[PDB]
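Here the structure is laid out as structure tokens; the discussion comes afterwards.
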Amino acid sequence: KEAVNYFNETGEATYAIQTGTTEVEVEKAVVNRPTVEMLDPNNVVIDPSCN
Amino acid sequence: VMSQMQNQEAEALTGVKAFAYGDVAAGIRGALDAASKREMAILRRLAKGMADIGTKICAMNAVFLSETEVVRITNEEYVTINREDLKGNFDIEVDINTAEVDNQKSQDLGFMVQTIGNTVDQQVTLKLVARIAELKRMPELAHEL
Amino acid sequence: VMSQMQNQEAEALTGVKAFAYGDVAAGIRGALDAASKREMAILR
Amino acid sequence: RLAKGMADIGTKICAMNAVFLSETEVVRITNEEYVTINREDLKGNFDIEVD
Amino acid sequence: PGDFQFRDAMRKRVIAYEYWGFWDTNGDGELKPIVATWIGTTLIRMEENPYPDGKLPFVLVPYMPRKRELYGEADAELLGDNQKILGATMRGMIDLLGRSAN
Amino acid sequence: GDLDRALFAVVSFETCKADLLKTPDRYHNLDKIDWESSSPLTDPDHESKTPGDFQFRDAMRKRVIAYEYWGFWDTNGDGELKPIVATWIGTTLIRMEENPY
Amino acid sequence: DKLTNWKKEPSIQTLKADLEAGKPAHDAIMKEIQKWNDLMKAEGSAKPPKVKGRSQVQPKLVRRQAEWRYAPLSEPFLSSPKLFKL
Amino acid sequence: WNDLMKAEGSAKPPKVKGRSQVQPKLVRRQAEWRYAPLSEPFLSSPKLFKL
């Protein structure tokens with residue numbers, strides 16, 4: 001997988017050997033969904049100038 | 001009797017007597033009688049609302065979902081959409097889909113296959129039949145075809 | 001007669017007169033008359 | 001009559017599009033070659049019909 | 001319900017407003033979309049419109065449109081006084097039946 | 001009849017300073033107009049849906065009532081009517097050009 | 001107080017004042033909405049007066065007309081496996 | 001015309017105690033039975049203007 005990623009990044013066919021392991025952060029977004037919610041007309045105050 | 005007379009006189013003065021969304025076929029679109037065109041007049045506003053919601057979500061999807069999430073949902077290659085032109089919806093059209101729309105689209109694809117079936121090569125016809133199979137909810141036949 | 005007159009006037013003002021799930025064919029899906037689309041609204 | 005109103009709106013917009021949108025915007029919307037329309041004859045709608 | 005509130009700390013219900021609108025930020029006169037959220041009297045958020053479309057994130061559709069008006073007119077506007085007459089006649093019929101001797 | 005043969009047409013609209021500043025080098029004399037008064041519009045001829053007691057408190061969102069004279073007027077004095085446009089807020093003229101369309 | 005680095009940042013007082021100025025029109029709109037909703041379910045302004053002996057039954061014609069239109073206007077969105085077609 | 005449409009102003013029935021003040025909106029009925037048939041042609045095709 002890392003070999004394929006390197007080939008896509010640079011372009012040199014290269015195989016890999018595991019030396020060790022690092023410890024990275026990674027800001028995963030657990031929830032990434034849109035929200036469509038029906039709102040109450042008592043809650044929205046739209047500008048009355050919009051002719 | 002006076003109410004009836006006044007109603008008839010008004011209806012004679014103004015010839016207005018009291019008394020299927022999408023790329024639908026001709027029969028369903030022509031079957032609309034009175035008050036059906038009035039129900040469609042509200043269904044179209046409701047559909048415009050849903051279309052606006054859909055395009056708002058589609059615009060948000062281009063900047064919030066990473067590559068991996070989309071390549072996992074669709075299992076196909078990720079297509080990048082330039083962020084600068086995201087405020088125009090240039091090359092994407094969105095509208096709600098109903099059963100009648102699906103049926104008419106399948107019939108249109110069948111008609112296209114019938115028309116260009118011997119002139120063009122096999123790839124175009126096979127792709128059209130694969131789209132027909134996708135409309136029929138057979139995602140495996142689409143890949144096999 | 002007054003109830004009938006008011007009902008007719010309201011029905012003329014608002015053109016709403018009183019009176020098959022899945023990837024179903026065209027005939028069954030088009031056979032749905034009034035209140036069948038209301039029963040489907042609960043079946044869904 | 002309502003359709004004639006919309007046709008007039010459409011031709012008014014189409015005439016305005018020929019002088020206000022640059023080449024890039026149109027080649028991005030249509031993804032085809034830009035066709036130049038002479039500005040002198042824009043007051044006649046000679047070779048375009050709208051409905 | 002007015003008498004419902006979570007007893008714990010990070011589930012307490014609060015009423016937060018949100019000002020989705022346009023305000024010139026650089027002072028040059030070009031209105032740029034902004035957002036703002038405040039709970040009670042303390043401001044807790046102020047950014048530019050994060051959504052790509054650069055518009056208010058609301059979609060409003062009328063039922064029966066009002067000519068050159070943002071809001072729409074519902075169904076019970078024309079149906080006014082028809083319910084009144086029909087109810088006043090049904091109540092009269094029920095009065096006639098029930099206030100009798102059977 | 002025949003709107004094509006109408007020599008003028010005056011239109012009113014509720015514009016704001018931000019709208020005028022959207023396209024610069026088109027509107028002149030933009031400093032004579034009062035822009036920070038928080039005064040609701042009181043034009044007796046323009047009928048709109050804005051409530052009479054609504055007015056933005058800030059500076060570049062204030063609602064003003066600007067007219068627009070779309071018509072024909074001979075400019076060179078030779079007698080050939082040439083299309084013109086004109087916009088004035090209150091008593092100050094802020095725009096005068098030929099018909100851009 | 002100054003959350004952002006803008007050259008001109010709105011203050012909560014200004015936003016609250018704008019909301020207060022825009023409120024009355026929305027109040028009238030919600031007055032109309034409340035009247036329609038009261039007519040819908042025969043309560044409040046349309047509540048028949050209850051006096052002893054006589055009836056207080058009010059047929060819900062508005063609700064009947066609304067229920068004979070809720071379903072035909074919602075089915076188009078619920079008929080296809082895929083809602084939005086692009 | 002607008003006052004006749006919504007039964008207010010000049011067409012507002014006079015309210016006197018005892019007698020009714022109900023005015024059927026015949027003009028509004030005729031107008032609503034014509035708003036929809038005249039608007040659908042513009043909303044039936046994915047492309048509004050054809051040139």
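Going by the structure tokens order, chains are called A, B, ..., each with residues numbered from 1, while ligands are numbered from 1 in the order shown.
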Write out as a ChimeraX atom specification each polymer residue whose atoms come within 8 Å of residue 74 in chain G, counting only C-alpha atoms; drop sequence neighbours fewer than 3 positions from it.
/B:43 /C:41 /G:70-71,77-78
Name the residues in contact with residue 38 in chain G at a cut-off of 12 Å, using only C-alpha atoms, excluding same-chain residues fewer than 2 positions from it; report them as a PyMOL selection string.
(chain E and resi 76-77+80+83) or (chain G and resi 30-36+40-48+60+62-63)
Wanna dump the chain E-chain C contacts at 12 Å for me, each residue with its shortest atom pair and the distance in Å to one decimal, counting only C-alpha atoms, ordered by chain and number, as a Markdown table?
```
| residue | atom | partner | partner_atom | distance |
| --- | --- | --- | --- | --- |
| E:64 | CA | C:14 | CA | 10.6 |
| E:74 | CA | C:14 | CA | 10.9 |
| E:75 | CA | C:14 | CA | 7.6 |
| E:76 | CA | C:14 | CA | 9.5 |
| E:77 | CA | C:14 | CA | 10.2 |
| E:78 | CA | C:13 | CA | 6.7 |
| E:79 | CA | C:10 | CA | 6.1 |
| E:80 | CA | C:10 | CA | 9.0 |
| E:81 | CA | C:6 | CA | 9.3 |
| E:82 | CA | C:6 | CA | 5.9 |
| E:83 | CA | C:6 | CA | 8.3 |
| E:84 | CA | C:6 | CA | 9.8 |
| E:85 | CA | C:6 | CA | 7.4 |
| E:86 | CA | C:3 | CA | 5.6 |
| E:87 | CA | C:3 | CA | 8.9 |
| E:88 | CA | C:3 | CA | 9.7 |
| E:89 | CA | C:3 | CA | 7.0 |
| E:90 | CA | C:3 | CA | 8.0 |
| E:91 | CA | C:3 | CA | 11.5 |
| E:92 | CA | C:3 | CA | 11.4 |
| E:93 | CA | C:3 | CA | 10.8 |
```
Could you list, with a cut-off of 12 Å and counting only C-alpha atoms, the residues of chain B near chain H, each shown with its nearest atom pair and the distance in Å rounded to one decimal, rows sorted by chain and ascending number, as a Markdown table?
```
| residue | atom | partner | partner_atom | distance |
| --- | --- | --- | --- | --- |
| B:3 | CA | H:24 | CA | 10.8 |
| B:6 | CA | H:26 | CA | 10.0 |
| B:7 | CA | H:26 | CA | 8.2 |
| B:8 | CA | H:26 | CA | 11.5 |
| B:9 | CA | H:26 | CA | 11.8 |
| B:10 | CA | H:26 | CA | 8.7 |
| B:11 | CA | H:30 | CA | 8.2 |
| B:12 | CA | H:30 | CA | 11.5 |
| B:13 | CA | H:30 | CA | 11.0 |
| B:14 | CA | H:30 | CA | 8.2 |
| B:15 | CA | H:30 | CA | 9.2 |
| B:16 | CA | H:30 | CA | 6.3 |
| B:17 | CA | H:33 | CA | 7.6 |
| B:18 | CA | H:33 | CA | 6.4 |
| B:19 | CA | H:33 | CA | 7.9 |
| B:20 | CA | H:44 | CA | 10.0 |
| B:21 | CA | H:44 | CA | 8.1 |
| B:22 | CA | H:44 | CA | 7.6 |
| B:23 | CA | H:45 | CA | 7.6 |
| B:24 | CA | H:44 | CA | 9.7 |
| B:25 | CA | H:44 | CA | 11.8 |
| B:26 | CA | H:44 | CA | 11.8 |
| B:29 | CA | H:44 | CA | 9.3 |
| B:30 | CA | H:44 | CA | 11.8 |
| B:32 | CA | H:37 | CA | 10.4 |
| B:33 | CA | H:37 | CA | 9.9 |
| B:34 | CA | H:33 | CA | 8.3 |
| B:35 | CA | H:33 | CA | 7.9 |
| B:36 | CA | H:36 | CA | 9.2 |
| B:37 | CA | H:36 | CA | 6.0 |
| B:38 | CA | H:36 | CA | 5.2 |
| B:39 | CA | H:36 | CA | 8.6 |
| B:40 | CA | H:40 | CA | 8.2 |
| B:41 | CA | H:36 | CA | 6.0 |
| B:42 | CA | H:36 | CA | 9.3 |
| B:43 | CA | H:43 | CA | 11.3 |
| B:44 | CA | H:43 | CA | 8.1 |
| B:45 | CA | H:43 | CA | 10.3 |
| B:47 | CA | H:43 | CA | 11.5 |
| B:48 | CA | H:43 | CA | 10.8 |
| B:93 | CA | H:46 | CA | 10.0 |
| B:94 | CA | H:46 | CA | 10.8 |
| B:95 | CA | H:46 | CA | 9.8 |
```
Export C-alpha atoms of the chosen residues as a PDB file, in the first residue's frame?
```pdb
ATOM      1  CA  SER B   3     -76.825  32.375  -6.281  1.00  0.00           C
ATOM      2  CA  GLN B   6     -74.958  34.865 -10.471  1.00  0.00           C
ATOM      3  CA  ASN B   7     -72.433  32.015 -10.510  1.00  0.00           C
ATOM      4  CA  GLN B   8     -73.435  31.061 -14.057  1.00  0.00           C
ATOM      5  CA  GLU B   9     -73.309  34.676 -15.253  1.00  0.00           C
ATOM      6  CA  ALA B  10     -69.849  35.180 -13.737  1.00  0.00           C
ATOM      7  CA  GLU B  11     -68.623  31.889 -15.224  1.00  0.00           C
ATOM      8  CA  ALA B  12     -69.949  32.963 -18.641  1.00  0.00           C
ATOM      9  CA  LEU B  13     -68.324  36.404 -18.380  1.00  0.00           C
ATOM     10  CA  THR B  14     -64.976  34.827 -17.474  1.00  0.00           C
ATOM     11  CA  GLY B  15     -64.595  31.378 -18.984  1.00  0.00           C
ATOM     12  CA  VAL B  16     -63.190  29.777 -15.840  1.00  0.00           C
ATOM     13  CA  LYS B  17     -65.358  26.960 -14.508  1.00  0.00           C
ATOM     14  CA  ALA B  18     -64.546  25.242 -11.225  1.00  0.00           C
ATOM     15  CA  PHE B  19     -63.171  21.740 -11.830  1.00  0.00           C
ATOM     16  CA  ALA B  20     -46.685  13.570 -12.816  1.00  0.00           C
ATOM     17  CA  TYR B  21     -43.614  15.634 -11.921  1.00  0.00           C
ATOM     18  CA  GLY B  22     -40.395  15.376 -13.909  1.00  0.00           C
ATOM     19  CA  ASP B  23     -39.492  14.127 -17.371  1.00  0.00           C
ATOM     20  CA  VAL B  24     -42.639  11.999 -17.319  1.00  0.00           C
ATOM     21  CA  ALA B  25     -44.279  10.345 -20.351  1.00  0.00           C
ATOM     22  CA  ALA B  26     -47.070  11.897 -22.431  1.00  0.00           C
ATOM     23  CA  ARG B  29     -48.700  14.412 -18.255  1.00  0.00           C
ATOM     24  CA  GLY B  30     -51.869  14.695 -20.352  1.00  0.00           C
ATOM     25  CA  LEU B  32     -53.946  15.960 -15.511  1.00  0.00           C
ATOM     26  CA  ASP B  33     -57.462  17.380 -15.230  1.00  0.00           C
ATOM     27  CA  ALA B  34     -58.588  20.433 -13.271  1.00  0.00           C
ATOM     28  CA  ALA B  35     -57.222  20.760  -9.711  1.00  0.00           C
ATOM     29  CA  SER B  36     -54.536  18.254 -10.637  1.00  0.00           C
ATOM     30  CA  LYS B  37     -52.652  21.148 -12.214  1.00  0.00           C
ATOM     31  CA  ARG B  38     -53.396  22.992  -8.952  1.00  0.00           C
ATOM     32  CA  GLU B  39     -51.948  20.212  -6.781  1.00  0.00           C
ATOM     33  CA  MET B  40     -48.912  20.104  -9.079  1.00  0.00           C
ATOM     34  CA  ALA B  41     -48.548  23.855  -8.525  1.00  0.00           C
ATOM     35  CA  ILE B  42     -47.815  23.140  -4.854  1.00  0.00           C
ATOM     36  CA  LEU B  43     -45.875  19.928  -5.471  1.00  0.00           C
ATOM     37  CA  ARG B  44     -43.471  21.916  -7.660  1.00  0.00           C
ATOM     38  CA  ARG B  45     -42.768  24.456  -4.902  1.00  0.00           C
ATOM     39  CA  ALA B  47     -39.876  19.964  -5.058  1.00  0.00           C
ATOM     40  CA  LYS B  48     -37.960  23.225  -5.512  1.00  0.00           C
ATOM     41  CA  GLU B  93     -27.923  19.460 -11.959  1.00  0.00           C
ATOM     42  CA  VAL B  94     -30.048  18.247  -9.050  1.00  0.00           C
ATOM     43  CA  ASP B  95     -33.746  17.386  -8.880  1.00  0.00           C
TER      44      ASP B  95
END
```
Can you check which residues of chain F have any atom within 12 Å of chain E? Use only C-alpha atoms and format it as a PyMOL selection string.
chain F and resi 16-24+47-50+56-62
Going by DSSP on the backbone, which bits of chain F are helix (DSSP H, G or I)? Write them as a list in words, please.
residues 3, 4, 5, 17, 18, 19, 20, 21 and 22 of chain F
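Near chain G, the residues of chain C that fall inside 9 Å (using only C-alpha atoms) are residues 7, 10, 11, 14, 16, 17, 18, 19, 21, 22, 23, 34, 35, 37, 38, 39, 40, 41 and 44 of chain C.
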Please determine the contact residues of chain E with respect to chain B at a cut-off of 10 Å, counting only C-alpha atoms, and supply them as an mmCIF file with N, CA, C and O atoms, in the first residue's frame.
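Output file out_21.cif is given in full below:
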```cif
data_model
loop_
_atom_site.group_PDB
_atom_site.id
_atom_site.type_symbol
_atom_site.label_atom_id
_atom_site.label_comp_id
_atom_site.auth_asym_id
_atom_site.auth_seq_id
_atom_site.Cartn_x
_atom_site.Cartn_y
_atom_site.Cartn_z
ATOM 1 N N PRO E 50 -19.144 29.660 6.429
ATOM 2 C CA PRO E 50 -18.313 28.512 6.035
ATOM 3 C C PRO E 50 -18.818 27.791 4.801
ATOM 4 O O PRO E 50 -18.021 27.165 4.092
ATOM 5 N N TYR E 51 -20.114 27.857 4.518
ATOM 6 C CA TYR E 51 -20.673 27.110 3.406
ATOM 7 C C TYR E 51 -20.221 27.710 2.074
ATOM 8 O O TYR E 51 -20.109 28.931 1.939
ATOM 9 N N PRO E 52 -19.946 26.865 1.077
ATOM 10 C CA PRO E 52 -19.404 27.373 -0.195
ATOM 11 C C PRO E 52 -20.327 28.324 -0.936
ATOM 12 O O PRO E 52 -19.828 29.222 -1.626
ATOM 13 N N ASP E 53 -21.644 28.163 -0.828
ATOM 14 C CA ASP E 53 -22.571 28.965 -1.616
ATOM 15 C C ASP E 53 -22.613 30.431 -1.200
ATOM 16 O O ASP E 53 -23.109 31.259 -1.971
ATOM 17 N N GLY E 54 -22.110 30.770 -0.017
ATOM 18 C CA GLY E 54 -22.090 32.147 0.437
ATOM 19 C C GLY E 54 -23.467 32.767 0.550
ATOM 20 O O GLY E 54 -23.676 33.912 0.140
ATOM 21 N N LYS E 55 -24.416 32.018 1.107
ATOM 22 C CA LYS E 55 -25.777 32.500 1.267
ATOM 23 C C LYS E 55 -26.320 31.999 2.595
ATOM 24 O O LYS E 55 -25.722 31.139 3.248
ATOM 25 N N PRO E 57 -28.227 29.861 5.150
ATOM 26 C CA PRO E 57 -28.568 28.439 5.071
ATOM 27 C C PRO E 57 -30.020 28.161 5.416
ATOM 28 O O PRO E 57 -30.308 27.304 6.255
ATOM 29 N N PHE E 58 -30.940 28.880 4.784
ATOM 30 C CA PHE E 58 -32.364 28.632 4.933
ATOM 31 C C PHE E 58 -33.008 28.522 3.559
ATOM 32 O O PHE E 58 -32.621 29.217 2.616
ATOM 33 N N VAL E 59 -33.991 27.635 3.454
ATOM 34 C CA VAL E 59 -34.746 27.428 2.226
ATOM 35 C C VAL E 59 -36.218 27.585 2.574
ATOM 36 O O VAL E 59 -36.748 26.829 3.397
ATOM 37 N N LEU E 60 -36.876 28.557 1.955
ATOM 38 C CA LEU E 60 -38.262 28.888 2.250
ATOM 39 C C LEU E 60 -39.102 28.691 0.996
ATOM 40 O O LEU E 60 -38.786 29.251 -0.059
ATOM 41 N N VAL E 61 -40.164 27.900 1.112
ATOM 42 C CA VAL E 61 -41.079 27.671 -0.005
ATOM 43 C C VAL E 61 -42.505 27.999 0.430
ATOM 44 O O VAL E 61 -42.948 27.570 1.504
ATOM 45 N N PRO E 62 -43.232 28.809 -0.333
ATOM 46 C CA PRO E 62 -44.620 29.106 0.024
ATOM 47 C C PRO E 62 -45.568 28.009 -0.428
ATOM 48 O O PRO E 62 -45.276 27.241 -1.346
ATOM 49 N N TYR E 63 -46.723 27.943 0.234
ATOM 50 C CA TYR E 63 -47.789 27.040 -0.184
ATOM 51 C C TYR E 63 -48.591 27.672 -1.313
ATOM 52 O O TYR E 63 -48.598 27.166 -2.439
ATOM 53 N N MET E 64 -49.263 28.783 -1.020
ATOM 54 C CA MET E 64 -49.863 29.612 -2.056
ATOM 55 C C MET E 64 -49.139 30.949 -2.090
ATOM 56 O O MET E 64 -49.248 31.720 -1.127
ATOM 57 N N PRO E 65 -48.392 31.257 -3.144
ATOM 58 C CA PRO E 65 -47.523 32.436 -3.110
ATOM 59 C C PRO E 65 -48.311 33.728 -2.999
ATOM 60 O O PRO E 65 -49.418 33.863 -3.525
#
```
May I have the residues within 8 Å of residue 7 in chain F as an MDAnalysis selection string, using only C-alpha atoms and disregarding those fewer than 3 positions away in the same chain?
chainID F and resid 71:73
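Running DSSP on the backbone gives strand (DSSP E or B) for these residues within chain E: residues 16, 17, 18, 21, 22, 23, 24, 31, 32, 33, 34, 35, 36, 37, 38, 39, 42, 43, 44, 45, 46, 47, 48, 64, 65, 72 and 73 of chain E.
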Selection to disk with C-alpha atoms, as a PDB file, in the first residue's frame:
```
ATOM      1  CA  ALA E  16     -28.655  29.960  21.515  1.00  0.00           C
ATOM      2  CA  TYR E  17     -29.424  32.440  18.753  1.00  0.00           C
ATOM      3  CA  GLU E  18     -27.592  32.666  15.430  1.00  0.00           C
ATOM      4  CA  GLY E  21     -26.334  37.742   7.579  1.00  0.00           C
ATOM      5  CA  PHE E  22     -24.120  40.105   5.617  1.00  0.00           C
ATOM      6  CA  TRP E  23     -21.804  42.666   7.216  1.00  0.00           C
ATOM      7  CA  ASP E  24     -18.905  44.632   5.750  1.00  0.00           C
ATOM      8  CA  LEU E  31     -20.667  43.222   2.234  1.00  0.00           C
ATOM      9  CA  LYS E  32     -19.123  39.880   3.170  1.00  0.00           C
ATOM     10  CA  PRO E  33     -21.176  37.013   4.663  1.00  0.00           C
ATOM     11  CA  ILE E  34     -20.794  36.572   8.431  1.00  0.00           C
ATOM     12  CA  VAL E  35     -22.195  34.331  11.150  1.00  0.00           C
ATOM     13  CA  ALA E  36     -22.607  34.929  14.868  1.00  0.00           C
ATOM     14  CA  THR E  37     -23.865  32.924  17.842  1.00  0.00           C
ATOM     15  CA  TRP E  38     -24.600  34.251  21.330  1.00  0.00           C
ATOM     16  CA  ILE E  39     -26.103  32.547  24.377  1.00  0.00           C
ATOM     17  CA  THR E  42     -22.080  36.429  25.737  1.00  0.00           C
ATOM     18  CA  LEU E  43     -20.902  36.107  22.140  1.00  0.00           C
ATOM     19  CA  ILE E  44     -19.449  32.656  21.436  1.00  0.00           C
ATOM     20  CA  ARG E  45     -18.950  32.583  17.659  1.00  0.00           C
ATOM     21  CA  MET E  46     -18.111  35.000  14.849  1.00  0.00           C
ATOM     22  CA  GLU E  47     -16.723  33.834  11.496  1.00  0.00           C
ATOM     23  CA  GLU E  48     -17.334  34.151   7.771  1.00  0.00           C
ATOM     24  CA  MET E  64     -49.863  29.612  -2.056  1.00  0.00           C
ATOM     25  CA  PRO E  65     -47.523  32.436  -3.110  1.00  0.00           C
ATOM     26  CA  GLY E  72     -46.698  32.635   1.541  1.00  0.00           C
ATOM     27  CA  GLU E  73     -50.395  32.392   2.335  1.00  0.00           C
TER      28      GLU E  73
END
```
Which value, in Å to one decimal, gives the distance between CA of residue 54 in chain B and CA of residue 70 in chain B?
16.9 Å
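Counting only C-alpha atoms, every residue of chain G that comes within 7 Å of chain A is listed here: residues 22, 23, 25, 26 and 30 of chain G.
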Test item: residues at most 7 Å from residue 25 in chain E, only C-alpha atoms, excluding those fewer than 5 positions along its chain, as a list in words:
residues 32 of chain E; 6, 7, 8 and 9 of chain G
